[PDB]
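J.: please find the sequence and an experimentally derived structure below.
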Amino acid sequence: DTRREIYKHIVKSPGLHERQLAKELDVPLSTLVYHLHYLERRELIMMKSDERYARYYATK
Amino acid sequence: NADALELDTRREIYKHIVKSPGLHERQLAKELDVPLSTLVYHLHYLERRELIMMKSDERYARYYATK
């Protein structure tokens, strides 16, 4: 039900964020994270860093 | 070889980093009035020279289905 909906929203709409997923499915963030962890542990979904949100610092 | 424009843009970027740490590249571009493509060109260079470092933010990770 909820898990099968989360995995499917990811197949049809690749690249979404954690909070964009919980909004487009009306699933609480805590519930969605538990299912995302299962889907990662089974290697059915993966995870990429968003360059648009990386932060830059000068080195020492 | 590097134009005055390339050197000026590079140094202006590096030291906006020092004066204002932790910004994203779209904020970097709008605050320096530089196109995003050119800014990312200079960020990769400053990172190759280890003058700046790039920290990912995993709160904004993108989710994809495996094949």
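T.: Cool, the structure landed. Numbering: from 1, shown residues only, chains lettered A, B, ... in the order given.

J.: so where do the helices sit in chain A?
T.: A:2-12, A:18-24, A:29-41 (DSSP state H).

J.: so can I have TSV of those showing distance to chain B and mean neighbour count?
T.: Just so you know, the C-beta spots here come from the backbone N, C-alpha and C atoms, and that holds for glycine as well. Output for the helices of chain A, formatted as TSV (distance: least, CB to the nearest CB, whole Å; neighbours: other CB atoms under 10 Å in any protein chain shown):
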stretch	distance to chain B	mean neighbour count
helix A:2-12	5	14
helix A:18-24	7	15
helix A:29-41	7	14
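
J.: can you add distance to residue B:46 and give those helices back as TSV?
T.: Below are the helices of chain A laid out as TSV (distance: least, CB to CB, whole Å):
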stretch	distance to residue B:46
helix A:2-12	34
helix A:18-24	30
helix A:29-41	33
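
J.: wait, doesn't residue A:55 sit right on residue B:55?
T.: Yes - using CB atoms under 8 Å, residue A:55 is in contact with residue B:55, at 5.1 Å.

J.: now do the contacts for the most centrally placed residue in chain A.
T.: Residue closest to the mean C-alpha point of chain A, counted by CA atoms, centre = their mean, is residue A:18 at 4.0 Å. Counting by CB atoms under 8 Å, 6 or more residues apart in numbering or on different chains, residue A:18 touches A:29, A:32-33, A:36, B:59-61, B:63.

J.: dump the residue contacts of residue A:44.
T.: Each residue near residue A:44 by CB under 8 Å, 6+ apart is listed here: A:7, B:65-66.

J.: for chain A, list the residue farthest from the centre, please.
T.: residue A:60 (33.4 Å).

J.: now that residue: how far from chain B?
T.: 9 Å (CB to the nearest CB, to the nearest Å).

J.: neighbours of residue A:45, how many?
T.: The number of residues packed near residue A:45 is 21, by other CB atoms under 10 Å in any protein chain shown.
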